[PDB]
Each structure stands twice: as C-alpha cells, then as structure tokens.
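*Asks:* quick one: initial chain(s) of a complex, as found there:
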Amino acid sequence: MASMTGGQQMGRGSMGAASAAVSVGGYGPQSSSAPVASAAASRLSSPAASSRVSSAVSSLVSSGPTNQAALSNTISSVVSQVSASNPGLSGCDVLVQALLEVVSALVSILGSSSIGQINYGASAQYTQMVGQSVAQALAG
C-alpha cells in the first residue's frame, strides 16, 4: 500500500532508502491511531466477547436478521453487558467494543447465510437502520 507523507516537517519513511541507521531513539513517528483498534481487537478476542457474539446470533436470527426492532434489541443488550465487564474502560472504549462485536455477529450470519442479489440502492436505508438503533437504545 505504502502510505503517503508530507513533503516537509516530519513524516520520515521506513524500510529501505538507508544502508545503515546512525540515529538513536525509541518510538517511530505516527499519523493514524492504530493501537486503539488493535487493543479493541485484543479484548474482542476475549472469551467474554465471543460468548456475546453467539448471543447476538440467536437474537438477530429469531427476531429477524433484517428487522429494525431486532437490531435495536441486539445493540442495546450488548452495549449494556459489555459495559458491565469493562467498568475500568472509558465510555468511548465501551462504544468501540459494542460496535465491532455487532460487526462480528453479522459476519457469522453472512457465512451461514446465502448471498442473493445485492440491492445496492437500499444500502443507505440499512445504514439508517443502524444509526436509528444507536440513537433509540442510548436515548432511553
């Protein structure tokens, strides 16, 4: 991929373009928040997260994989319990864990489910469904 860097002021490259290094330091330069998502993935791999993923499967499957009401139920329940395990973590960390855990549950549905014709235009509508579940769930 090779990320892009600014013409001047920091943003030094890496790998190659240097036969030998004659500088001493610790942590290299940064641009995007990587370790945040990395940490979320690590605790996402925890046994607690995996169990919640399974529960997300049963909820969506029984109520309706593509139902507004069913999706709202899954987001609300998962966010609550994920907070219960992680009181030490900041409020933002709670939101991260709930959201990506919902992503994993949906992946499980796709693998078990069959893919037909993609209704590309309505993709925005389903986006509204997810945004709706967040607002209603945390609104009250």
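*Replies:* All right, it came through fine. Numbering: from 1, shown residues only, chains lettered A, B, ... in the order given.

*Asks:* buried residues of whatever helix or strand residue A:57 lives in, list them for me.
*Replies:* Here residue A:57, judged by DSSP states H and E, is contained in helix A:47-63. Counting neighbours by 16 or more other Cβ atoms under 10 Å, one finds that the buried residues in helix A:47-63 are A:48-49, A:52-53, A:56-57, A:59-60. Placement of C-beta: from N, CA and C, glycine included.

*Asks:* so residue A:64 touches residue A:74, yeah?
*Replies:* No. Taking Cβ atoms under 8 Å as the definition, residue A:64 is not a contact partner of residue A:74, at 10.7 Å.

*Asks:* those two: who's more crowded?
*Replies:* With neighbours defined as other Cβ atoms under 10 Å, residue A:64 and residue A:74 compare such that residue A:74 has more, 25 against 12.

*Asks:* nearest residue to the middle of chain A?
*Replies:* Closest to where the C-alpha atoms of chain A average out (Cα atoms, centre = their mean) is residue A:100, at 2.9 Å.

*Asks:* can you pull the contacts of that residue?
*Replies:* When contacts are counted by Cβ atoms under 8 Å, 6 or more residues apart in numbering, residue A:100 touches A:40-41, A:44.

*Asks:* report the separation between it and residue A:132.
*Replies:* Residue A:100 sits 19 Å away from residue A:132, taking Cβ to Cβ, to the nearest Å as the criterion.

*Asks:* now residue A:41. Nearest residue, chain neighbours left out?
*Replies:* Once flanking residues are discounted, residue A:41 sits nearest to residue A:100: 7.6 Å by Cβ to Cβ, 6 or more residues apart in numbering.

*Asks:* could you check the angle the helix or strand harbouring that neighbour makes with helix A:47-63?
*Replies:* Assigned by DSSP H and E, residue A:100 belongs to helix A:91-112. Calculated by axes from the mean of the first three to the mean of the last three Cα atoms, to 10 degrees, helix A:91-112 forms an angle of 60 degrees with helix A:47-63.

*Asks:* next up, chain B:
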Amino acid sequence: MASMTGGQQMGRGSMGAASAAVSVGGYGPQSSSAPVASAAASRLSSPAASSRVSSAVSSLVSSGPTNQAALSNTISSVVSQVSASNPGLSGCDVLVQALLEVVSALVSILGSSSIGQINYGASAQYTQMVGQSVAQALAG
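*Replies:* Next up, chain B placed on what we already have:
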C-alpha cells in the same frame, strides 16, 4: 454497596465506581455514556457515511461477503477515509465511526441476501475474523 441482598460482590479495588452524581471540576463533570453513541449515529447519518456504506457493499460483494481478505480490505479503506473527513475528531471517534459503519454495510448484505441454516458454533470463528482485520489493518 451491593455486599448484601445480592449473590454477586465487588472488591477489585478500582477506587469504586461512578454512578449518578453531581460534581464540578474534580471527578470529570458532564458524563457521556449515552450521548457518545448518539453523536456517532448522527454523523453516521451524514451523506459522507452513507456513500462509504455503499462502497463497503461493493467491496464485500465482489471479493467475498465471508472472506478474511475481503473483510480486511473493507475495514482498512473505510477507517482511513473516515479519518480524512474527521480530522477534528479524536482518535477514538475515528474508530467508532469506522466500526458501526461496517455494521450498517453488513445489514445491507443481510437484507439483500437470503438466510439459511445458522451455524451457531462457528460464530466465534467469524468473531476472530473481525478481530483479525482490525489488528492487521492498523498494525501496518
């Protein structure tokens, strides 16, 4: 103090926990549990987010709705561009927007796709797929 009238107990030693309290300049005034997800949903409803959702559809559909490589591509690309629009937002806000936007894309796939037999046991495996895409994508 839930020491009594409750089978579960707490004593980790995390200086207690915050729940329903009023203070100014000390314990971080103005909490943010609900409104965090609410704000993420609001900007998720932005035209920029909807367009990215559509792009997520094409990526997963063409490469493979249930492919490890395809999922990694979607997460990496979306996270990058979502940061590009939102430089003003904190690093955590960037992660939130990318993650739930992936959730919405998956919902679009489910609505267009057909549901067969749910392989409940492998749900944990698909959870590993998502965690993997995060680690690799931001690890560089």
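
*Asks:* again for the buried residues of helix A:47-63, chain B present now?
*Replies:* For helix A:47-63, the neighbour count (16 or more other Cβ atoms under 10 Å in any protein chain shown) marks A:48-50, A:52-54, A:56-57, A:59-61 as buried.

*Asks:* could you list which of these also contact chain B?
*Replies:* Applying Cβ under 8 Å from any Cβ of the partner chain, the subset of those adjacent to chain B comprises A:49-50, A:53-54, A:56-57, A:61.

*Asks:* sorry, back to before: show the subsequent helix or strand relative to the helix holding residue A:100.
*Replies:* In N-to-C order, the element after helix A:91-112 by DSSP H and E is helix A:123-139.

*Asks:* how far off centre is that next one?
*Replies:* 16 Å (Cα atoms, centre = their mean, to the nearest Å).

*Asks:* what comes up buried for that helix?
*Replies:* For helix A:123-139, the neighbour count (16+ other Cβ under 10 Å) marks A:123-124, A:126-135, A:137-138 as buried.

*Asks:* also stretch A:82-95?
*Replies:* A:82-83, A:86, A:89, A:91-95.

*Asks:* likewise for stretch A:74-82?
*Replies:* In terms of neighbour count (16+ other Cβ under 10 Å), stretch A:74-82 has its buried residues at A:74-79, A:82.

*Asks:* do any residues in the strand or helix carrying residue A:38 lie close to chain B?
*Replies:* Taking DSSP H and E as the criterion, residue A:38 maps to helix A:35-44. Yes. Contact of helix A:35-44 with chain B (Cβ under 8 Å from any Cβ) involves A:35-38, A:40-42, A:44.

*Asks:* ok, residues contacting that helix?
*Replies:* With Cβ atoms under 8 Å, 6 or more residues apart in numbering or on different chains as the test, helix A:35-44 has contacts from A:49, A:86, A:93, A:96-97, A:100-101, A:104, B:79, B:91-92, B:95, B:98, B:127, B:130-132, B:134-135, B:137-139.

*Asks:* please redo it, this time with the cut-off set to 7 Å
*Replies:* With Cβ atoms under 7 Å, 6 or more residues apart in numbering or on different chains as the test, helix A:35-44 has contacts from A:49, A:96-97, A:100-101, B:91-92, B:95, B:131, B:134-135, B:138-139.
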